Every structure is written in C-alpha cells, then in structure tokens.
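**Q** experimental structure below, sequence on top.
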Amino acid sequence: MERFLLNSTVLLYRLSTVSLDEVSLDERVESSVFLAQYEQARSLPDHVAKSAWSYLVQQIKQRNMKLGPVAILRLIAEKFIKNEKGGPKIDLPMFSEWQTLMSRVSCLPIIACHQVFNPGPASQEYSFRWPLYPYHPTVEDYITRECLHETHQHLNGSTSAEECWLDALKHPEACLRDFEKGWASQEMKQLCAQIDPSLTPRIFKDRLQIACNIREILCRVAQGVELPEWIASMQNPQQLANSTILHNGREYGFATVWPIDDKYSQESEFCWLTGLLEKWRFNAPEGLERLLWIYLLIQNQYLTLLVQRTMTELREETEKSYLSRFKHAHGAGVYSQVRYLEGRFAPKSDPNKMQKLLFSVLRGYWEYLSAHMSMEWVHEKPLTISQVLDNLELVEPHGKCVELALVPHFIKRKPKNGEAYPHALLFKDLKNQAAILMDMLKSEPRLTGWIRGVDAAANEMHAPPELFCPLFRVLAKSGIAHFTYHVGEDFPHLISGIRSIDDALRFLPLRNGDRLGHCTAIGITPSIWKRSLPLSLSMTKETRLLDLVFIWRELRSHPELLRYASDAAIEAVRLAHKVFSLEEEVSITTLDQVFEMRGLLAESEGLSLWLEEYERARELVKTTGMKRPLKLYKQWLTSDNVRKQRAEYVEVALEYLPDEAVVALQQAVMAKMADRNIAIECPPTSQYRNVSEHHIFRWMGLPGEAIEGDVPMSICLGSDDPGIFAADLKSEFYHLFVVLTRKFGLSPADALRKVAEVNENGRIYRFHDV
Amino acid sequence: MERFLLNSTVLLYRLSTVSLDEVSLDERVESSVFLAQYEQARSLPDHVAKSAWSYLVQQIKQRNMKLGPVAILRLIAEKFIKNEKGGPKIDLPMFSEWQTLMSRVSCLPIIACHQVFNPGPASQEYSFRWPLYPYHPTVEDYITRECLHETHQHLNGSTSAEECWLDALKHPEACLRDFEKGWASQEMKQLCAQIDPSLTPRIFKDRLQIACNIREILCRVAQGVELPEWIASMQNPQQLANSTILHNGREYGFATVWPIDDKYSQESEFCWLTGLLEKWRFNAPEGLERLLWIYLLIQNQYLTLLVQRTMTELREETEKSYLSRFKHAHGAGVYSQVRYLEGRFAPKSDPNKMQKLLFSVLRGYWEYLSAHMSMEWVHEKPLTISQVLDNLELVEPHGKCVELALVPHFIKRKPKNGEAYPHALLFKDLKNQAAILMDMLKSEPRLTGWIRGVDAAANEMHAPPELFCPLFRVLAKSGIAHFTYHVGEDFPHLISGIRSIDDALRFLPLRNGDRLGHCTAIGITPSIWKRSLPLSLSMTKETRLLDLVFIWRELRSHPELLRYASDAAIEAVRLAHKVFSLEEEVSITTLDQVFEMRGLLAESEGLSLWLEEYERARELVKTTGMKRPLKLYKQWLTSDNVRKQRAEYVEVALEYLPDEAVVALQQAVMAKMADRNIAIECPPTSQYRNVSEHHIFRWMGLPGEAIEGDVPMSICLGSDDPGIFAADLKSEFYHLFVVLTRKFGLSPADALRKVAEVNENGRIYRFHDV
Amino acid sequence: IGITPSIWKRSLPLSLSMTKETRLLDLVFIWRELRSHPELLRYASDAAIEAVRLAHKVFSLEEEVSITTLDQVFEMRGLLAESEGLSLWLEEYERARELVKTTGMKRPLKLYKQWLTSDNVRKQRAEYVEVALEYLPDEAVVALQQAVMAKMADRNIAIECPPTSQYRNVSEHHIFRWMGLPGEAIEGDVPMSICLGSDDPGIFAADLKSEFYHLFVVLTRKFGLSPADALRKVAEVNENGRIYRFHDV
Ligand SMILES: [Zn+2]
Ligand SMILES: [Zn+2]
C-alpha cells in the first residue's frame, strides 16, 4: 500500500491545499490513503487496508520516525533492494512486486534512500542506473554470451517515462503547449478526468512550476545554504504556482546555482536527493518534508498521465536523446548488453523534418560508437546524413556495440466524416510520407542498410490492414525489406482479432521471417478473455460480416463445428443483404470473392512504382466471371448506403461460438503463420490478474497453459510495457526468468533456455542487414 | 451498461446543478457514463464502453426516443422482463444479470414501465409485488408442496432497503438525524467520501427535499392537473432543495392531495409511476424527464449508501412493518410461500423498549394470522403481551400460514481504550440486556414458545466468541433453546477464521442441531481466497499466537504436515515468550492449557443463574498442576503491558502455509461440524467474479468444486445479500436453481433436489418450538 | 418421437405415397437437422438436392433457389394468411410489417405468397409422390429423434402419453423407452417430462387408475422390476402430472 503515500490524487490536493505550519495531518493522510485504495484497488476487502495502515504506522513509531518520504522510501528500500556483488539489486522473489510498484512510483527516490541509509561497500563508486535489477549468475552469463535483442520499442518515442518528467521541467512551457493542444480533444477529456478529476491545464502549469520551485528549494537546503529569507514568506504550497515569491514588496526569483551543467539531468536529480537525504538522516522540518510529499506526488501523477496517454516529441529531434538511448542500451561493461536494436520512429510529413530526424539518429549512433571504439572516422565532425554514412560504413559487425535497424511508424487514424472511400485522407497522408521516404532512399541509396522495414502501428479499429498492402509493396520495390503491422492487441471481439490477423497474413506482402506484432488475439484464451465484461458486445456491421466469412472459411474443414459454419454462412448472407441493400440472391461464395479483393487499391481502376498496383485491378477486371464481385466491392467502397450500414452497430452474444471453436480458429491461424514463417513480438503488458496468465506462456508451450492443438509460434521479445516506468528489454528478460522459475517451478536452466529461444529468435528474425 | 445511466453520482451532481432549460446534454451524459463506469466497473477495457454506448444511442435514435429514463426503462423491461403464466416473470437465462442489476438499481420504475408498455392479458388485475422472479414449473411445484425457510434475515432490521426509502420520505427529518448522528464517526466519513466524495449532511437534506418535491411535481403532471404556475418560476433543480418555492413574493408549497391515504407507500409509488409513464407514452417535457431522472438517481445513490452501511429502526417499533414483512413473506396464494420464518431483532437495553418491541412483533403476527384465518380470538383487540399470547395459544401448526421464531441479536463492539479486561464494558451491556430478557421471560414463561434461541451478530474482530459462553450458558439455564454465532464472515487471515470457528465450537455451549452462521472461512478455498491480497497479511499479535496454537494442535497428527506443526509450535513459543514477558520456559502444552481456559468468565474467581459460572473457576483452581496456566491467563486478561502487546500488530506471510495444509485445517473443522451436528447458514453475497464461484457449491459437492476430503455438514439457507435490493429467500432460491442448471448443466430435478436438501435442513434445524 | 423405426416397419409396403408439401418439408427438415452430424452429411446433401428439385417443381420455379431460401420460405408458415400478404388480432395482422420491411426477404416473401395462393402450386401440393420405406437408416432416424428430445428438454415441454396399433404386446410400448427401461431406451436419449393420459382408443371402462395398474403390472412381470422400482417409475410420470398441471395455483 506504501505506493499510495507516493501516488495519491486526493492526498495531492490535501497536501497542496493545507498550510505548511498546520502539523498533525495523520488522520487525513490515512483517510486519503483509504480513498486512494477505494479508487485504485477496489477489491481490497475494506479491512486489509485498516490493518496494513495500523502496521505501517506501528513500524514508523517503532523506528521512532515520522510519516514521511524518507520513512516510506526507507521501508521500501529495506524491503526490496539489496546490495550484492555489484551495485544495488532486487531480490528474485520480490522482483515482480517491485515491477508492480514501478507501475505506480518512481525509483530514483527509493534508490537514493537505499544508498544513503544502507550503502554497499565504499569501493565501487556507484553511478545512477535505471531500473534496478535482480541477480542470477546463469542469466548474467547468458546475456554476456549472447546479449539481448530489441524489436519492440514504440511505447513512448523510444525512452522511459522518467526522463520525460525531467524534460518537462526543462521545457515546462513546451509540455503545457502540448497539454493544451490536445485539451481540445475528446479522448483525453476522459483520460484526465479518470486519472485526476479536476486536473485542468492551469493546474497543469501550476503543478509543474510548483515542482520546479520545490526542487530548487530542496536543493538549496540539501546544499545547506542559508535557507533564504523569503522562505519565511513561503507559507502555502499554492504560492509555488508563480515564478516569483513576494516577501515584502519585492518579488524574489527562486532560480539558483547547481554544480552540474545539465541542471535537469537524472544524475543531477540523484546527487541532489542524496544530499538532501543525508542532511535529513536524523530528522526533518515538517514544511520541507511536506514539500517533498507534494514533489513526489506530482512526479507520479504526471508520469501516470503520460504513460496512460508531437512537439515534446519534436524536441527529441537532436542527437542527444538518441545517444542517451544508445548509451543506456549499452551496459556499464565494455560490451553492450543488447546486440541488435530496432529503432522505431514516427515519420513526418515534411522532407526537411525527416532529413533532420534521420541525421540526428544517425549522428547519435555514430557518437555512441565513437565513444566505444577508436578508428579513422574520415569526417571527424559529420554535418550531413551522407557524411554520417561515410563515417558508418567503416564499422564492422564485431558486436562490441549495438547494431541499429530503423523502422518508420505508420500511424492509423480514424476515418473522417467525408471522403470518397474510407480512410482516403489517411491514405493520402501515408502516401505522402512514404513517397518522401522513397525519395530519401533514392538520394542516399546507402540508407537501405539502416532504414530496414516499416511498421504499421496505432489503434487497429481505426484502419484495417488491407489499406497498407499497396504501401508495403511499393516500399518493398523501393528497397524496404521486412515489414511489421500491429494485430490482435485490441478488438471488439476475439474472433474479430483473429480474423484481422489472418487478413494481414493473407493480404500483406509478408515474406519469410517477417514479424507481425503483439497478436494477443491468438494468445489469449477464451477462458481468460471474458471475466468482467458484458454478455454481449456491440460492433460494426462490416466487422461482423468479415468475421462471419472468416468463421466460414476456417471451419469449412472442421467436422465438429459444421453447425457453426452453416450458421456463419446464413447470418453473413443476411448481413450482406442488409448492408448492401441487396434484393438478388447472393452466395457466400461471391461474398468470399468480394472479400478476397480487399488488398486492392481503392483508386486502381474502379475508382512510377505505383503503376503496378494501379493496374493490379486490370487482370481482375479481365477475369470475366467476376462481375458481381466487382460491382459489389465497388458498392462496398463508394456507396453511401453501404458505408452507413458498415458503420452501423449491433450486438454479438458472447457465446456465439464454443471456446473449443475459438481455439480451433486460433490453431488454424498458428498453422498458417508457421507455414509462412512469421514471428510475433510479445511485450509484457489488462485483464490478467497476475503476469502468470500472460499468453506468452501458452505460446511458449508451458504445461497447464498450452493447449493440445497447438504449435510453436516463433515469439520474439520487445521492451514495451504500457503501464510501467523505466522498463527495459533486460528487465522483461528477468521478469520472464523469475516467473518461470518461481510460479512454474522450472529449474534455472529450464527458465534460462525457455527465455533464450525467444531471445535468439529475436536475433534470427532481426531485420538488420546481414 | 445501462446501470450507469440509472445510478451515477457525478451525473447527479451536474444534472442537479445545471439549469432545467439547458437542453442538449448528450455529450455531457456520455462523459458522465464513462466516469461512472470507470469508477464502478474498472476492469472494462476502455472501448467496450464506447461500443456499448454507441449501440445504446443507435437504439434510442432508431426507435425515436430522447436519451432519458423513459427509453432506459423501456430497453430494460424489453431486455429483462416478460409476461408468463401469472404476472411478469424474468427470463431464466437473464436472472443473474438482473440480480446484478438490482445490486445497484431498483425495479419499481422498471416494472412500472413494463406494465405500462407491454401489459400482459388485461384480466389479472396487477397488484405490484416485489421482487420479480423467474418461472420454473418444478420450482413452483416444489415451493407449493413444501414451502421455504427463512433462517437468516438481519441485514436491514428485517426489511428490504427499498421500503426504507419511502420510510425516509415519510420522515425525512428522522433520516437526517440518523445521518448526522454517525456522520461524526470516522468510518461513515470514509464511506461517505468513497461513495459520494461531496456527500455531507447538508446536501443530504438538500437531495432528500429535492426528491420529495420532484415526487410532488411529477404527481401534478401524472394527475394531469393544470401544471401549477410556480413551475414557471422553478428553473433550477436546487430550487427544489427547499420546502417552498418563491414565485413572485409568494412562497408556494409543493404538497397536495394524493388519492391514497398512505402517501408514502410502494403501491402508491407504483400506481403513480404507471400513470406518469402512461401520460408520457409518446413524449414529454424535457425538464420533467430530467426531474424524474434526478429522482431516480438520488434514489439509487442513497439506497447504495444505506445498503453498504438506529432511530430509523426505532421508528419501526410499531406492529406495521412486521405485518408487512409477514404479508410479503406469504405469497399471493392462500398458502404462505414460507412455512417457517426466523425473526431476528436487537435486544434493547431498556426493559420498556424491549417489551414494546415484543408486543409489537406479537401483535403484528397475531393480526396477520387474523388476516388469513378465522376463529375465536378471545381478546378481539389485544393490548398486552399476555393478551397476544392468550390469542396465539389457540393457533395450530397446520401449515397454512407462517410460523415465527424470535431471536435476539448480540452486537459486539470494539474494546474501548480503558477497562479492567478487554471488552468488559461490552460484556456489561450484554449482561444488562440478558438480565432484561430473563426478566420478561420470568414474568411470562410462555414467551419461551416464541423466543427460540439467540444469535451473536456484528463484526467478528470486534470480540471473540469465548466471552459469550457464560452468557449463553446463563440464558440456556434460564430456558433459551438453540444458539447461533456468526463465524467465518470477515477475518484477518483464513487460518484465523478457521481458528475462530473451532474456538466457538469448543467453548460455546452448542448442542446437537444448533447452527453457526456464515462460516465462509471454511467454504472459501485457499486457491480463490488470495486474488488481489498483498503477498503478506497483517494481524494482531494475540490473533497470531492463537492461530499458531490452533495450527499445531490440528496438525499434530498429520504426518504430511508435521514440519508445519513443529514450526507453528516453535514460533508460538517465541511469541508467547515475547508477549507474556516470560523469562522461564513455557511449553506449547502449557499454552494449550492456558488457551483452553478462554471460555472462563473474567469476573468469576480470578478477577442466581450466574453463580454457576462464577464458581466454575473453583474446580480449575482446585486442580493442582494448573498453577502456571492460571497465572499466565491472569496476566493475559489483566496485565496492561500484556493487553498492549496483544493489541500491537505483527505481520504474517500470505503463503504462510501451503494451500493443501490450509484445506487440511478446513477439513479438521468439517469433521468437527459433522461430529457435533451443527448447521451452517450460507446466504448469497466480494472476491467472487461470478456467482458460480460461490463456496455454497463447494459444500453442495459440485464436481470440480468439492475437494477430495469434503464432508456434508447441514448447510441451511439465508435471505441476506449485502449488495442487492429487494432480495427474497425465494429469489435466492431461484438464483441457486438457475446457477446449478446452467453453469453446471444439471437437470431441473438435480438442481431442485440440490437446493432442497438445504431448504429441508432449514426445517430440520428450525428453532421454532415443537 | 416414441416409436422406434425397428418397430415401425413390420407390415408396411416398401414405398409410401404422400403429398408433395409433406415430402418437401420433410427433406427440408432432414437437412436442417443433418447439417451438423458428421456421420449423415451425405444424407443431408442428398436431401438438400432433392428438396431443391421438388421446390423447382412445386413452385414451377425457373430461376435457382437455394436450400437456405427454401428454409426462409418455410420458416414463415406461422404468419397469418390475411395479415399483410393476403383488436387483439391486430398484433398478428401487423407482424408481417417488420418482415416485409426486411429487404433481403424479397424472394422468400414472394415464394410464400405463391405457395399460399398459386392454384398450380396448390394442385402440386395435393399431388402425391412415393418414398422408399428405408429412405434413410435407423441411425439417422434416431439421431433426428434424439435431437427432438434435446429440444424437448431445452424448452421444458412435456409429452402426454396414454396407452393404445402395430405393437404385438404392451411390453413393446414406447412409453417404456421413454421411461428408460434397459433394452428399450436408446443411447442418445434424454429425459423429456412425460405425463399420463387415460385415453385408450380400443377399450371400454378405462380409467387413469386402470392404466396405472396396467403399467405397474407390465413393469413388474415383463421387466421383473421390484414393486418399489415399478412404483417409483410410474409415479415419475404420475406426479409429473402435478408438475405440469394446467390447473391454476
Ligand atoms: Zn505494439
Ligand atoms: Zn449474517
């Protein structure tokens, strides 16, 4: 429960609102804790909270200390972090729980408290490194031998959330600008209201600047410098909502001097916090400790809102952040811990911005390499992308350092109210971006060795994959090997997700060894897919009809489900009749022929490198006996009536199909996949009670999770956990190892090689040049 | 999904605040629904809600309604309720969803709308009856042939919460007094914040008066009488927060003539709502539907508060509520659906109030019996308890009507800061009440024929059973037959609840055929008992030590857990040494002999009907070798440091014992159950996702639910669901029936019998006189 | 749903003549059932084909009609003729309004009207066609039959059984096969809530008590059940009489 006292919206209000000399807020802190649990962990049975709080307070009073940041952090550090071998580490049994706490709290304060109150041997000068980790010699030797391989880094640009808070403190105005530009959006209305009811942009700025001011003041006291006299005027936290304080007539600026150049550096934060805590080892002023309360609380609230969520992204268009990611990916040892890194990046609409971003990333990689290996760099200070390449070709794949592969994102937005065919404007945008990419490759053909493969991300329902097939094929002929597309992550229905996955398979120009993405649909079981959700699910008519045709096709060969297959046939015919407003009798067969054309470009022939696909409809139209498919698909694309019908909603009864049938669909899907030799990135991520049910294990063949009709699926790794701070690929590696060893009782060797197949598959299906 | 539109606190806030002429609040209601769903059902993944509301609005626009309570109740009634055989009945597969809905909403409006818009045959004049039930010929034939058994009804006095609402409107000031006296105590503050952050007694009175005024105004429209003028002045809902409205200098009242004398009756509500809906069949004024909306909301929210929760009970001290209870318990047939009723009521500490309550209950019962049967009644208008007994002495156990059994409660409060021994003052209050009880019994020996047994209710941790043993023995000698004690309901640890149950067995004077209560500790499995609980659970030191003693005692003979038993012994020795401040060596044997003395009365010898348990310690003191036992027990009861360290808080691992070992302790307890012929009352109720997980099934032996060593133990039924409105014993009967037949596929006969053995256990262990 | 095919063809001619509608609906039903059983899909396909042919005759159809469409035709046999295609009566007068709105039902509705009205169609309905006595196997019969008892249990509908042509002896009585008697019950059977009826066509002075005795004696002697066994079995149906009594409660 401790992480309440560090992450609490109501406590944040109360502490920020009460005066600094109030004292004796124990009851209200406790009540705020109970409200926080009621909001967050509703399931706790109303008495565990009171008991655990009686404890927490009891331990505090035993240790003769005050309810404080230092108190809670001390308890947490003592409970979790141990110093072993090298640096602080996380106990193997407690690692998962520590991750759960990470899902709510920042670890820098905890780490500083650990160092100050129980430092390890005074022989290894420790430098801050996030996140903290457990130790297993087998795992360590394995990583030393083979290193790790990143393929899914797209959660928040390419960095952890923690440094973004410091970036905010560095450009508070930029973050307010982004906050506001988006405050006009609907979705974030609900996001912000549900995280913090009365969040609002003015209070956004107020909390940000208050945090800046508290950091400054606490830094002054940590350095132990004179407690400036306007502190006396400082009485109410709301005073920290302004850039200057008024003591008597004068407006005093809080700005001050810090030893380090990068005043917003994580290292600066850490040194500051260590100094403060060591000053505060025996006792603390109440005003300042409450200040640190609100400081940590605002940190955490900001970090959540960010994680549960373009210009705060643009500011990362320098060769500083990329160097940072690269240095972090490289360990503290001479050899980098990750062997092969996939660098995923959002394309822009302007050639200037793409060339800027590309030069930034390329240069940063060059400096990362130069900082580790010495040689004649030709252009010692490269200024152009061509110069950077000139520098880079000289590198050989020894493996001392990481190997970079660059993948642009394809962001799928919702269709708009008015357009010739669905997603037409989005298609135009993507065509613009892709053409620019192609032209940059034209200009610098050597870029084919660094820009390898394109991913298709953002919310799936906003666009079906068939929209991207012409894009992917044109890019391929441009020289883009390898492709990726997010499938199966979220869906109106599990059958819908499975159908979407097969659509991608059968339509996308995916070759041997390509990689799809989460594909959670074919991993999640129908036992654990419906546990708190309504018995029926409303969804779009188009989605329903496509899924019904999918059920048809997949179950046509299954003797045990032919009843369901006939039902799918009948109901798909009826839905087609309604959506297309049909009066003639239309066969499931011709529906199927219509639906197999979904990969065709809208504007091909029914509506340089684009000529092939522009004519791709020509041989189809040449096929005489496909009249009805042509006209029906043209109606599907253009007809206003058909489009409104497609948008229409209607229920699916949950138990439309037996879970056995769902599993059969899944298994047909894995069969087709494995036939085509495609891999599945699986990052650890809503409905799972604990990680133990993660479908990764079913894909991994664990007894008690795997199903009889199952296959291997070439799972690969990816460091993208939506609801955590300061996560890493090796963090996920350790997560999987510990869960295997503990919950499944596998011996350390067993867990090691279990995870190792997925890791080495990461290398195997790397897109990087060979 | 619809639950959120009919109960939403934040929705209530803003709709009540906005002007009645605001209009076009669709997006507003959307935000309200998303917030309410987030706060209540957190698990739903953020998009199913969007789809569900999309289809809701699709329905509303297609069928051409306005987003409003009318359309909502219409969709509900269509989706749930139907006319079959006699009156409306709930579709069987939908009963679980409907009772879930009743967990948050009331059915009066829904049933009104159903009757209004799809009435059955216009020949069975439809007198409202609550709640609404399903139809199964086997079920109805069984209830007719046999009839049912109420054994456990202590939730809201003995009434369903919905009637408490019209009670509040009858005496709103009384509800205000009850609210405020209690609003000063913390736990209600935590609750008020958790349910309604800004609840307060102020807005409490405000919302109550608003509700009454809405009732009046919409009565004006329903009777279709002239739409009085001050409606024009009425522009904001808050204007309804006052008893009068100021139009132009004049303050106009809200009250009127209503057709029925009892203006606060559920039947009045029903006929009224029917009239309102009939009038509003095709359309209605926007502001008026909004007023109805707010009425319904407030209705739901305060009903929620009430259920989850003195003078509101005191006002129920007339022979009216109890007559109503009896009539409700009896169906609409000549024969009563229940045969045997158990009437549980609090024993008051004033003899006058106690005899008042008792004459009230007796007179209500007699009048009911008169209302259904004819003979000479002797005192046609009885006045005294003696007179009503004279009347009732002529009644015979034919079975036409209900047979009542009266049980005083014992509400056990937390121990206070200062007292000679723990819970001493509570013991004194109970002794006062029991003295009063035996006084009235002495005065009227006949009362033994209606007061059959006493129950120990209230929060378990507030007091342990052993202190009641002298009380129960004294009462038994006075002439009270059968006893009850709530066990297993709430606990800090599962083993601790198990130990509590054993202690009750081995200390309370329980006899053959007695009953305990919920005993959920013994039904909940270790597997599904730890789903969101912290990896470590936290207890009082005294509880921890007693559990250690229990574990070792019970596992002494288990060869497979001897390790665990030996541990428990060791840590028990350690804890006893620290607690008793023991310098010498205390054997776990000695601790056994100490803790077996717990049933001893505190003020007997180590500190007429009472003389026996005053001298009971004489035999033990005569016992020579028990020196050390007695002195340690005295230390335990009295030593201030000892009571302090008892109150202090010690932690224990969640997985302190293996799941199997916990079940083994459970099985020792099941064996004791069967051996002593003690029944267990199992009503339907926090950790269960769906009702199918209910431990009731574990006892009923459902394959895959019964554990290997399971033992039948005379489970009995109880109509007490903490989180539902207008619950009934027959209702939960249907619930169990449907659950068996569907989630386990059992045939109607199988489910009928499987519930029937429990029902008939009810008969077998009636407390009623023979 | 009682008589087993084994004892259904004991003196029957090897072919049976019946009306064309009966034949067509039979084929349609056979398909509707046998779509799902892996062991009878051949028969289901045969029925679909032949039903298509027979409908092409009965409707004199010139276009092509799918068995799905035939089903959509014959699913609407519950519609009132003069509802919309030919106070309390209102609701069923207008019920066809929703369907006629249904756009995809064009061909079904027109076919239904043809069937109800067309004189040529009605003449063809009255026409007769032969069917082989073993048109389908006993196993197929019993599969259909067990599906029927499945829906029986699903809808909680009872069967009102009196005692009565082909049966040589009362021991051959179908009542027993419902009653689950070993050697009389069939594997894929389900319980179906039988109730009694005192209606014997070919006797005088017969009563429910008389039938009770008859059943008890036959159970006891021909099947050797103990008195308790036979009494319990007979009761089952007897008190099922209570259970599904129409009498008001
Ligand atoms: Zn992804
Ligand atoms: Zn209870």
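**A** Here it is on my side, so go on. Numbering: from 1, shown residues only, chains lettered A, B, ... in the order given. Ligands and ions are numbered 1, 2, ... in the order given.
**Q** OK, contacts around whichever residue of chain A sits closest to chain C?
**A** Going by Cβ to the nearest Cβ, chain C is nearest to residue A:577 of chain A, at 2.9 Å. For the C-beta atoms, the positions are set from N, CA and C on the backbone; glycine is no exception. Residues in contact with residue A:577, defined by Cβ atoms under 8 Å, 6 or more residues apart in numbering or on different chains, are A:586, C:103, C:104.
**Q** could you redo the last one with a cut-off of 7 Å?
**A** C:103, C:104 (Cβ atoms under 7 Å, 6 or more residues apart in numbering or on different chains).
**Q** who's in contact with stretch A:674-686?
**A** Contacts with stretch A:674-686, where a contact means Cβ under 7 Å, 6+ apart, come from A:151-152, A:505, A:510, A:512-519, A:691, A:694, A:696, A:699, A:711-722, A:732, A:735, A:761, A:765, B:45.
**Q** list the contacts of the residue of chain A found nearest chain B.
**A** Proximity of chain A to chain B (Cβ to the nearest Cβ) peaks at residue A:538, 3.4 Å away. With contact set as Cβ under 7 Å, 6+ apart, residue A:538 has these partners: A:649, A:650, A:651, B:51, B:52, B:54, B:55.
**Q** part of a strand, is the second one?
**A** So the one you mean is residue A:650. Yes. Under DSSP: H, G, I helix; E, B strand; the rest coil, residue A:650 sits within a strand.
**Q** before we move on, back to that, the residue of chain A closest to chain C: which element?
**A** helix A:562-579 (DSSP states H and E).
**Q** now that helix: buried residues?
**A** By 16 or more other Cβ atoms under 10 Å in any protein chain shown, the buried positions in helix A:562-579 come out as A:562, A:564-569, A:571-579.
**Q** just how off-centre is stretch A:211-228 within its chain?
**A** Mean C-alpha position of stretch A:211-228 versus that of the full chain (Cα atoms, centre = their mean, to the nearest Å) differs by 35 Å.
**Q** buried ones in that stretch?
**A** Neighbour counts over stretch A:211-228 (16+ other Cβ under 10 Å) mark A:211-223, A:228 as buried.
**Q** next up, the contacts around residue A:168.
**A** A:175, A:208, A:302.
**Q** now with 6 Å, please.
**A** Neighbour list for residue A:168: residue A:175 [criterion: Cβ atoms under 6 Å, 6 or more residues apart in numbering or on different chains].
**Q** same check on the one 4 residues further on?
**A** With contacts defined as Cβ under 6 Å, 6+ apart, the neighbours of residue A:172 are residue A:208.
**Q** residues from the stretch 351-500 of chain A in reach of chain C?
**A** Counting by Cβ under 6 Å from any Cβ of the partner chain, none of the residues of the stretch 351-500 of chain A come close to chain C.
**Q** the stretch 351-500 of chain A: strands as residue ranges?
**A** A:403-411, A:454-457, A:483-485 (DSSP state E, counting those that start in this stretch).
**Q** what does chain A give?
**A** Along chain A, the stretches classed as strands by DSSP state E are A:81-83, A:88-90, A:148-150, A:244-246, A:251-253, A:338-345, A:403-411, A:454-457, A:483-485, A:536-540, A:649-653, A:680-681, A:715-716.
**Q** chain center to the longest one, what's the gap?
**A** Its chain's C-alpha centre lies 15 Å from the corresponding centre of strand A:403-411 when counted by Cα atoms, centre = their mean.
**Q** what do you get for the fourth one?
**A** In this view, strand A:244-246 has its centroid 40 Å away from the chain centroid, taken as Cα atoms, centre = their mean.
**Q** before we move on, what about the second one?
**A** In terms of Cα atoms, centre = their mean, the centre of strand A:88-90 is set 25 Å apart from its chain centre.
**Q** list the pairing partners of it within its sheet, with orientation.
**A** Strand A:88-90 has its sheet partners listed here by DSSP bridges as strand A:81-83 (antiparallel).
**Q** now swap in the fourth one and tell me
**A** Applying DSSP bridges to the sheet, strand A:244-246 is found paired with strand A:251-253 (antiparallel).
**Q** ok, residue A:604 - contacts?
**A** Counting by Cβ under 6 Å, 6+ apart, residue A:604 touches A:614, A:616, A:617.
**Q** if we ignore the residues flanking it in sequence, what's nearest the first one?
**A** Distance criterion Cβ to Cβ, 6 or more residues apart in numbering or on different chains; nearest residue to residue A:614, sequence neighbours excluded, is residue A:604 at 5.3 Å.
**Q** that older thread, CA-only coordinates of the helix holding residue A:577 in CSV, if you can.
**A** Provided in CSV are the C-alpha atoms of helix A:562-579 (Å, rounded to 0.1, in the frame of the first residue of the first chain):
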residue,chain,number,x,y,z
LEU,A,562,-20.1,-27.5,-39.3
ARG,A,563,-23.2,-26.4,-37.5
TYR,A,564,-21.5,-23.2,-36.5
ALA,A,565,-20.1,-22.9,-40.1
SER,A,566,-23.5,-23.1,-41.6
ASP,A,567,-24.8,-20.5,-39.1
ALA,A,568,-22.0,-18.2,-40.1
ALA,A,569,-22.9,-18.7,-43.7
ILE,A,570,-26.6,-17.9,-43.2
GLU,A,571,-26.0,-14.9,-41.0
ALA,A,572,-23.3,-13.5,-43.2
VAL,A,573,-25.7,-13.7,-46.2
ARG,A,574,-28.3,-11.8,-44.2
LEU,A,575,-25.9,-9.1,-43.1
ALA,A,576,-24.7,-8.7,-46.7
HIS,A,577,-28.3,-8.4,-47.8
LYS,A,578,-28.9,-5.6,-45.3
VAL,A,579,-25.5,-3.8,-45.7
